[PDB]
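Structure first, then comments.
For neighbour counting, all protein chains shown are included, and Cβ atoms are generated from backbone atoms with ideal geometry for every residue, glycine included. Read the figures in this text as sums done on the coordinates, not as results from a lab.
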DNA sequence: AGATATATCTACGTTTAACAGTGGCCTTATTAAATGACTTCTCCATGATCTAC
């Protein structure tokens, strides 16, 4: 695979780890009740991502989600590559990549 | 390639080193067996970064945070480039870069 | 290029040289094996910069800081440009530039 | 002698949600596509302006085959046998059965947004409580001026006097199909560039171009004027009117430029009256 | 001698849907194919421009064997036997009824789109709540400058004076077959590269290239300028006019390049007049 | 006049804490083409027979 495909794969894994962190925070914060909302959280995440209309707002939401996730091993191993990929590539393609990562989220067994 | 991207990457590194300095400061401040607040400090940093109302706001905060970081070599190497990048550029993109840096300091530790 | 950014950079250099003079003064003041207070001096400088209430406040402060710095060669060659830049521009912008210079002096030594 | 009327008029500044494309999700996608400089520009369908002119003709006498109900939201045909000799609608816009099929006297181009469209989205909610799938929705808008290009073959009209009502309607265009309830955008024009010549050669395409990202200055162009300076598009055949006149009169060397000796009227009504007089004189009405 | 006229023509910028191919489902695909760099471009067929030239010759008052009844939308033959001596269209475009056939002086190629086709589409729907199978539809459109190549043989014309009306028609081309109701795209030239030589070899075929993949810039191709530099394609036999003249004059070292000593005119009418004078002098007209 | 050691006072403390949205919805209808065309001519192979040398 070419370099761009590797960068895209690391971005997918980075987003998945960020969602791992956010879902862990949701589980910890709302342990009360029968079950915390995750399916509703996933639907809200999709709605927020589709809400973004230009590069500025979408990049703001993406960065905010990334920081909210926590430590990001995939984003640890690759700083400059993923940072340049985020800054350079058009925000729409980033939206496709984020949605694909959302749909590809492997639950922790 | 695309020296603007080089400046953006070195700014990410500068912000990471500044947060490293502030982490060292808070680790020095804490005493006894109390857990040093790092997750709390990171969340506080993210919340204050999101809170901003243009130009003076969040740029004063960026400069103050960089000063709080203390000795930072990456900013030492390149004075004029980073100084012009901070004075110029829309503040929202600088916020995006700083947030990224929040998510990309964790590679260091 | 972009002459106002030239004024901004020479202001950065003037502030760095003035704080170099102040650091030399305080190093001269101390004696014997006690660690000369410099990180504490940097913190004091930042705190005094942050403390200000527009116009006269922080302008008397910047003038006094430049005076206590000693003889500034860059200020000597650039009297008119520095004075005109200081008299004009919002004082918050000058404080931001000064904080950037606070973080910009380390490559000097 | 053959005669044609080519023109490109500019709309006023305001919000626009006139031509929702597909409503992908909750977002009623304001239809858009690439334009000058590769920036995405929102579009207003030319069929929308044709429908607006049809409605204008129907509203004021002017027998038309297709009557818009305005109550049942349906279109009624007075006579299925289209007769361009009698109806204004069949004579002007043409028809197709699937007979004569006409050709249409009026040729329209899709309206383009003079400014690129960034995201311009808007929320929508339905009161409070008891919320269903229809409660939350989004609508795209656009705060620009729209520009479109049209052309009529005067000779091709069955009744030569029918050119006057279309000019009156373009000057007084009714609501163009769109979200009038939420985004009431008047499509009346504020700057006109009309040419009335006897050969098909049709410059003055989308000349109005200002870019200047998010603004409302709406400068004329550089290429159109270039053309005017060079020698073609003779000023005697040009008609310019509207707010663009104010900008034009402030250009340097305007007194010596060939653009000066063109028909320039700051008021739109005066220029339209003069053009109507010229057309009536030329066509023998 | 043996004189021939070759040219590559570029059109203005606008929305065009002139060459719908066989439609699929509900969308009316406009014909497209591959071109430079492997990107899909939209093509307008040469038969359309030949029909437009025929219509121009019919309208201007020349004989024209094939009469096109606009109201009937039918084509009629003035005489069943083709007579290239008497009829302009039979002289120029040729015929084959199946003498019997003529080679035809005018040889034209397809009209390619200077800018690659992204895939922009437009939705159209019949108004009213009463909706049927023919309610909504999609029409494909393209915002591009179109470029086509043509070549004529002056000697092959039965009457040599017939070259003048064909040039006038090319510069004043009537509507090219398309959808003028919703995409009225003027095909009038705005930049020419004409060659009038006794040798046949032609190096001006598709000499136009885009500066940016989505833009209305229309700069001259590097190959054409380089070939003029190298020594072939004599500048004395070159004829360039239109909007590209400005870009050529803004090039560096233009006063030293061989492009300087070639016939270049900002106004297209002046260049056409000069070329027509040269042709009339060369062919004894 | 050249070479050399010395003297230059503040300063410090520069926020400690707790939170970084709690809820509900994430389009409801309808239409998913309507017509007609689906090459146009010629260029045949072979043997019997006519006819000129």
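Per residue of E:172-183, count partner chain C-beta atoms within 10 Å of its C-beta, then hand back the mean as an integer.
5
Quick one: order A:88, E:214 by neighbouring beta-carbon count within 10 Å, fewest to most.
Fewest to most other Cβ atoms nearby, the residues stand as A:88, E:214.
Could you give me the radius of gyration and the Dmax of the range D:146-285, taking only the C-alpha atoms into account and expressing both in angstrom?
16.1, 48
Can you give the translational diffusion coefficient of the range B:37-109 in µm²/s, computed by Stokes-Einstein from the Kirkwood radius over Cα pairs at 10 °C and 1.306 mPa s?
So the translational diffusion coefficient is about 120 µm²/s.
Angle check, please: helix A:55-69 long axis (alpha carbons) against the longest principal axis of chain A (alpha carbons), in degrees 0 to 90, nearest 10.
Helix A:55-69 and the main axis of chain A meet at about 50 degrees.
Taking a point 7 Å out from Cα toward Cβ as the label site, list the nm distances between residue E:226 and the same residue in every other copy, smallest first.
Here the equivalent label points are 2.5 nm apart from this one.
Roughly how crowded by other chains is peptide E:114-125, in terms of the mean Cβ count from those chains within 10 Å of each of its Cβ atoms?
Taking the mean over all residues of the peptide, I get 3.
Could you sort the peptides D:149-162, E:242-255 by per-residue average Cβ neighbour count (10 Å cutoff), highest mean leading?
Packing proxy ranking, top to bottom: D:149-162, E:242-255.
Between residue D:198 and residue A:89, how many nm apart are label points set 7 Å from Cα along the C-beta direction?
6.3
Taking other Cβ within 10 Å of each residue's Cβ, how do E:88, E:3, C:27 sort, fewest first?
C:27, E:3, E:88
Determine the shape class of the range E:1-156: with a ≥ b ≥ c the square roots of the Cα gyration tensor eigenvalues, call it rounded for a/c under 1.5, and otherwise prolate if a/b is greater than b/c, oblate otherwise.
Oblate shape, in that a/c is at least 1.5 and b/c is the bigger or equal ratio.
For n ≥ 4 DSSP H runs only, could you compute -39500 (n - 2.57) per run for the protein assembly as shown, divide by its residues and tell me the 222 nm figure to the nearest 500?
Helix-only estimate at 222 nm: -12500 deg cm²/dmol.
To confirm my reading of the symmetry, which residue of chain A has the Cβ nearest the axis that brings A onto B, and what whole-Å distance does it have?
A:90, 1
I'd like the FRET efficiency for residue C:35 and residue E:39, computed as 1/(1 + (r/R0)^6) with the beta carbon distance as r and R0 of 60 Å, rounded to 0.05. Could you put the intermediate results ahead of the total?
Working: r = 68 Å, r/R0 = 1.13.
Working from the Cβ atoms, E equals 0.35.
Enter the angle in degrees (range 0 to 90, nearest 10) between the Cα long axis of helix A:91-103 and the first principal axis of the Cα atoms of chain A, meaning the one along which they spread out most.
40
How many nm separate the modelled label positions at residue A:103 and residue D:22, each set 7 Å beyond the Cα in the direction of the Cβ?
Spacing of the two 7 Å Cα→Cβ label points: 1.5 nm.
Angle between the Cα long axis of helix C:3-29 and the longest principal axis of chain C, 0 to 90 degrees, nearest 10?
20
For Cα pairs less than 8 Å apart in space and 6+ apart in sequence, what is the mean separation divided by the residue count of chain C, i.e. the relative contact order in percent? Spell out each step's value before the answer.
Values: 70 pairs, mean separation 52.7, N = 109.
Relative contact order for chain C comes out at 48 percent.
How far is residue B:40 from the same spot in each other copy, in nm, shortest first, if each label point sits 7 Å from Cα toward Cβ?
2.7, 3.0
How far is residue A:109 from the same spot in each other copy, in nm, shortest first, if each label point sits 7 Å from Cα toward Cβ?
Spacings between copies for this position, smallest first, are 3.5, 6.2 nm.
Students often get this wrong: which residues of the range D:114-138 have the backbone nitrogen under 12 Å from the point 7 angstrom along Cα-to-C-beta of residue A:47?
In the range D:114-138, the label zone of residue A:47 (backbone N under 12 Å from the point 7 Å along Cα→Cβ) covers D:124-126, D:131-138.
Residue by residue through A:75-85, how many Cβ atoms from other chains fall within 10 Å of the Cβ on average?
Counting Cβ atoms of other protein chains within 10 Å of each residue's Cβ and averaging gives 5.
Quick one: if you stick a label point 7 Å off each Cα along the C-beta vector at residue E:283 and residue E:100, how many nm between them?
Placing both labels 7 Å beyond Cα along the Cβ direction yields 2.9 nm.
Mind listing the Cα extents of the protein assembly as shown along all three principal axes, in Å, largest one first?
The Cα atoms of the protein assembly as shown stretch 119, 75, 60 Å along their principal axes.
For a footprinting-style exposure proxy, rank D:112, C:42 by other Cβ within 10 Å, fewest first.
Listing D:112, C:42 from fewest to most nearby Cβ atoms yields C:42, D:112.
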